[PDB]
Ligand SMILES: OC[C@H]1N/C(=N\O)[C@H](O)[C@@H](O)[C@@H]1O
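A single chain comes next, written as structure tokens; it is the form deposited without the named molecule.
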């Protein structure tokens, strides 16, 4: 259950947040495949509530109406087209599965849905599934409000409504079956796995019961017996009765401690320093590496809607963000997910962004196409961090050093550190307020290597910084605290 199911040599997935199916299919062929990306996490493909107040917020997609593959990203035909084209190019698709709940209980009944399906939250009626009052936990929840009120009580966290979201009775075989029917529909289409949204709000046993009904991956693309990749969204920063480890029997889990701590470290909050990252991983209280899905930021916490707090680094913090992502992609701990977002009118008032609800770039509610600029960046307000040279090249770096051990660690006791991966890669970071100029042991064979952060290796030549490794594996590195990118990375495939 725990394997990403990516092609050998591809070690990362990217979240193409709110991207349309047709756009992802093209990206798979024109960029993701050639650049060695392992897969794509797509936004919920199932019909959701169409919210006009505010105007089509991104979170409306987390309020299911039915399991029809009909959304602002496209219809079933477009979804299949995308999965097939991506799979045909060796890039996997992972679905953001919203199966813990339906829409908000306060939402007005009617046909304000992405596929016109009728629904009535008040009467608990979702005929397009179909679900009825008998399929929700209204009678199971014991809180006075019917909503989750105290996280110290593991029971209400699972049986009550998350911020009013109608909670499905996942103990019922009928409900489990309707969800499996939806997920099997996707697996048969060709999806390689799923992100289980709000897993903390579901009983480990109920999730397992659902997974037990899931098919193996489509044998036209995957070897027989291939199980869908499962990564459960569990927000556990410690201090709660519910632990992410309670879900290890179903698959991997999102390690929100990862981005939160890395952000605090890179920002140097409360006296933290990169030198402390020497024992990064389980040593910091994180889950086992083979059960972790890591990331610097996600669609939720990049806009203050998730765990991590104000320490989370995002594309808005471009310089520090690139370093955090680089460190993550270079370090062996966990399975890495790169974030790809869109720009929005961030407006901070009293420490809170009042425009954190804004949906993807659009024209009258119609998601804008992803355009590619001659410099390979994206237009139409799509950030496309996965296309940033510094990030794209680190994604490749991880592929190249796949399997190599963490070694040759170095640090100045402050914020200047470096480490290698076996004899296939080496990375140096300078997050101090002074320059870093020193000769280090790289563990790499002698030769001239192109720094993949400041440049690229094109036709036997480096476009950016060049590093010279001697016969003893040592090499001189020089990084000024004023460099655009205060870190250098070199690997086996960047050698001249």
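Residue numbers count along the first chain shown, from 1.
The following text describes the form deposited with the named molecule bound, which does not appear among the structures shown.
- Note that among 234-242, 415-423, 183-191, 396-404, the stretch whose heavy atoms approach the named molecule to within 4.5 Å in the deposited bound form is 234-242.
- Taking 162, 115, 141, 89 one by one, only a single residue has any non-hydrogen atom within 4.5 Å of the named molecule in the deposited bound form, and it is 162.
- At a distance threshold of 4.5 angstroms between non-hydrogen atoms, residue 348 is out of contact with the named molecule in the deposited bound form.
- The closest non-hydrogen atom of residue 201 lies within 4.5 Å of the named molecule in the deposited bound form.
- Taking the named molecule as it sits in the deposited bound form, the stretch 333-372 never comes within 4.5 angstroms of it through any non-hydrogen atom.
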